[PDB]
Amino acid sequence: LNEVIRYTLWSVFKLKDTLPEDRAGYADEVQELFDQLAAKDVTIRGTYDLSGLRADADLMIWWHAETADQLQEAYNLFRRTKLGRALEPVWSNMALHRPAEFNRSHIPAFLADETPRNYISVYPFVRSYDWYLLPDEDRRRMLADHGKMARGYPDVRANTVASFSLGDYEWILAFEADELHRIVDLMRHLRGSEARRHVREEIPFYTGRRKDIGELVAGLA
């Protein structure tokens, strides 16, 4: 299973303005595309309401597929929908699942049968310049201690997917949880790991409520 090929693309959009007072068929059209996409092996793990938690983000789409190419096609197809034409691209990064350095049983929840949860917290990651230059023992230790420190939070599901030379980052992280504050306390608790001493960048956070494209479109302004 450390041998699948799967590309994950999280892509974030913001309303150009408000959606129209009459938005009949906006939701349905997008759902239509989401199904014929699901025909091909392009799965839409979730769409997400990001309104109000960020001023420049309103909608997120999590899709994954077997080639980067299929995602690119999906992205452009969405932008042709009547909804995508009322949105502006904001941030859209792709990552690719690779075997973990040490613990080869570490697997992202979207490749481990796990259910999508109510809330998501997505964000890129970039380590210090000498993270990967460290004596393997030091990095395996900090990476293991850091996983211990989170064993109290199995109600928060992790996706931690390599992204080197797919964009500006080293990793794209996604956290799934039914209770939003459990994500908060996880981050807060993990500020205690020694790994925190080897971080260059973890911005921007996009955090939202997983929703059906029907009520998502109705919720948006």
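Residue numbers run from 1 along the displayed sequence.
Novice: Per the PDB record, is the mean Cα temperature factor higher over 50-58 or over 31-39?
Specialist: Looking at the recorded C-alpha B-factors, 31-39 comes out higher on average.
Novice: For the C-alpha atoms alone, is the average B factor greater in 157-165 or in 22-30, going by the entry?
Specialist: The recorded data point to 22-30.
Novice: Check the PDB entry and point out which of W91, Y132, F102, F125 has the largest C-alpha temperature factor.
Specialist: Comparing C-alpha B-factors across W91, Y132, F102, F125, the maximum falls on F102.
Novice: Among all modelled residues of this chain, ranked by Cα B factor, put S121 in the bottom, middle or top third, i.e. lowest, middle or highest.
Specialist: For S121, whose C-alpha B-factor we compare with every modelled residue in the chain, the answer is the lowest third.
Novice: Consider only the C-alpha atoms of the modelled residues in this chain, order them by B-factor as the entry records it, and name the third containing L77: lowest, middle or highest.
Specialist: According to the entry, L77 has a C-alpha B-factor in the chain's highest third.
Novice: If you rank every modelled residue in this chain by C-alpha B factor, which third holds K16: lowest, middle or highest?
Specialist: Answer is highest: the recorded C-alpha B-factor places it there.
Novice: Using the B-factor values recorded in the entry, state whether the Cα atom of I213 falls in the lowest, middle or highest third among the modelled residues of its chain.
Specialist: It belongs to the highest third of the chain when residues are ordered by C-alpha B-factor.
Novice: By the record's CA B-factor, is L83 among the lowest, middle or highest third of residues in the chain?
Specialist: Its C-alpha B-factor, which the entry lists for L83, ranks in the highest third among residues of this chain.
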